[PDB]
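**Q** Chains as they are written, first to last, in the entry's author numbering: chain F, 54 to 80, 88 to 123; chain A, 37 to 213.
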Ligand SMILES: C[C@@H]1CC[C@@]2(OC1)O[C@H]1C[C@H]3[C@@H]4CC=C5C[C@@H](OCCC(CO[C@H]6O[C@H](CO)[C@@H](O[C@H]7O[C@H](CO)[C@@H](O)[C@H](O)[C@H]7O)[C@H](O)[C@H]6O)CO[C@H]6O[C@H](CO)[C@@H](O[C@H]7O[C@H](CO)[C@@H](O)[C@H](O)[C@H]7O)[C@H](O)[C@H]6O)CC[C@]5(C)[C@H]4CC[C@]3(C)[C@H]1[C@@H]2C
Ligand SMILES: CCCCCCCCCCCCCCCCCCCCCCCCCCC(=O)N[C@@H](CO)[C@H](O)[C@H](O)CCCCCCCCCCCCCC
């Protein structure tokens, strides 16, 4: 009866604990949010490094 | 202050230990703990059976009834395990600067991993011991209730997913963070 019921409860929790999750592993402030904003460095809209070397096409276009 | 390193002692009925900051967690816990590393080693799982057998034989050498012997051995084993693991907080030797001054040995096992085989074994053993032991004092309901209360209250509730980093201020103002 009750003596069997509590034993069944303990055993039932036993298998539940045995087949637990797959080894669960142990796991920001607004003051540092502005630091991330200030650390952002965007890129130029257009790259001008190779403009000079490739500019002969415009100079050779007939008008 | 330029460092702001203080220990808080907030008082409430239910409270939890705050999560460690970057410096305390990612940097001050790098070397082996040397306090919870011996659990997963050679001969660290059979020693509990030897302790139980030795206690049972020592109590049987007195020449008492089986009921009293088994109740006493169960209570002694559970109380000893609780005193060793769950009661004390800290480490017997300085680790870095006192990083583990808010946690017990149970929490430090396997780098605060919730479910590992050793924890499963440690949770399984008291239930099996109780199932084996109850067969001698089933007639007496008071001893059955006492054994059930001891097992559930001491050997089951602390080893749970809940009651992890859980502190109660009833027996003293505990320190968190
Ligand atoms: C069958 C039979 C039945 C009968 C029987 O046998 C079996 O049943 C048995 C039942 C047994 C007891 C069961 C369990 C314990 C606790 C254990 O515990 C670890 C060792 C000690 C330290 O533990 C602390 O370790 C950390 C550092 O302290 C704590 O860290 C924080 O606190 C730091 C504070 O700086 C901060 O840095 C941070 O906040 C943070 O780091 C941490 O919280 C806590 O774990 C235990 O406490 C100490 O407490 C005082 C120091 O705090 C000592 O001094 C005091 O001694 C006198 C009294 O007050 C006064 O004259 C002095 O003035 C006054 O100072 C005292 O001697 C000593 O006991 C020590 C053994 C003992 C008592 C057993 C004794 C024997 C029995 C009575 C048997 C018994 C005979
Ligand atoms: C005649 C008969 C009576 C027999 C009495 C003995 C009862 C035996 C049954 C209960 C014991 C559990 C059985 C499993 C243990 C197997 C052996 C493992 C040995 C490991 C030893 C190395 C561990 C190093 C880490 C140190 C450590 O943990 N530091 C702290 C946390 O960082 C802990 O706070 C600390 O150690 C515990 C405090 C020391 C003992 C407290 C009680 C004072 C003596 C009174 C004894 C009461 C009887 C019950 C224990």
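The C-beta atom is built at its ideal place from N, Cα and C for all residues, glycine as well.
Whether or not the region 58–67 of chain A and the region 129–140 of chain A are in contact is what I'm after, with contact meaning three or more pairs of Cβ atoms, one per stretch, closer than 8 angstroms; do they touch?
**A** Yes: at least three Cβ pairs fall under 8 angstroms.
**Q** With 16 other CB atoms within 10 Å as the buried threshold, where does residue 186 (chain A) fall?
**A** Taking the first residue of the second chain as 1, we reach residue 186 (chain A) at position 150. Per the 10 Å Cβ criterion, buried.
**Q** Does the count of Cβ pairs from the region 103–111 of chain A and the region 171–178 of chain A closer than 8 angstroms reach three?
**A** Touching, yes, given that three or more Cβ pairs across the two stretches are closer than 8 angstroms.
**Q** Which partner residues of residue 212 (chain A) appear in the DSSP bridge assignment?
**A** On the second chain, residue 212 (chain A) is found 176 positions in, with the first residue counted as 1. Residue 212 (chain A) is bridged to A:44.
**Q** Just the Cα atoms here: how many angstroms apart are residue 40 (chain A) and residue 58 (chain A)?
**A** The residue you call residue 40 (chain A) lines up with position 4 of the second chain. The residue you call residue 58 (chain A) lines up with position 22 of the second chain. The straight-line gap from Cα to Cα measures roughly 14 angstroms.
**Q** Does residue 202 (chain A) come out as helix, strand or coil in the three-state DSSP assignment?
**A** The count along the second chain starts at 1 and reaches residue 202 (chain A) at position 166. Here residue 202 (chain A) sits in strand by DSSP.
**Q** Quick one, which residues of the region 65–91 of chain A are near chain F if we go by CB-CB under 7 angstroms, in chain order?
**A** Listed by position along the chain: nothing, the set is empty.
**Q** Chain A partners of residue 60 (chain F), CB-CB under 7 angstroms?
**A** Residue 60 (chain F) sits at position 7 when you count from the first residue of the first chain. Near residue 60 (chain F) (Cβ distances below 7 angstroms), the residues of chain A are 167.
**Q** Pick out whichever of A:89, A:166, A:156 and A:191 has its Cα sitting closest to the Cα of residue 118 (chain A).
**A** Indexing the second chain from 1 puts residue 118 (chain A) at position 82. Closest by alpha carbon: A:191.
**Q** Verify the CB distance criterion: does residue 72 (chain F) have a CB-CB separation below 7 angstroms to chain A?
**A** Within the first chain, the letter at position 19 stands for residue 72 (chain F). No, residue 72 (chain F) does not count as interfacial toward chain A.
**Q** Counting only Cβ pairs nearer than 7 angstroms, list the residues of chain F close to residue 174 (chain A).
**A** Taking the second chain and counting its residues from 1, one reaches residue 174 (chain A) at position 138. Ordered by position in chain F, the residues that pass the 7 angstroms Cβ test against residue 174 (chain A) are 56.
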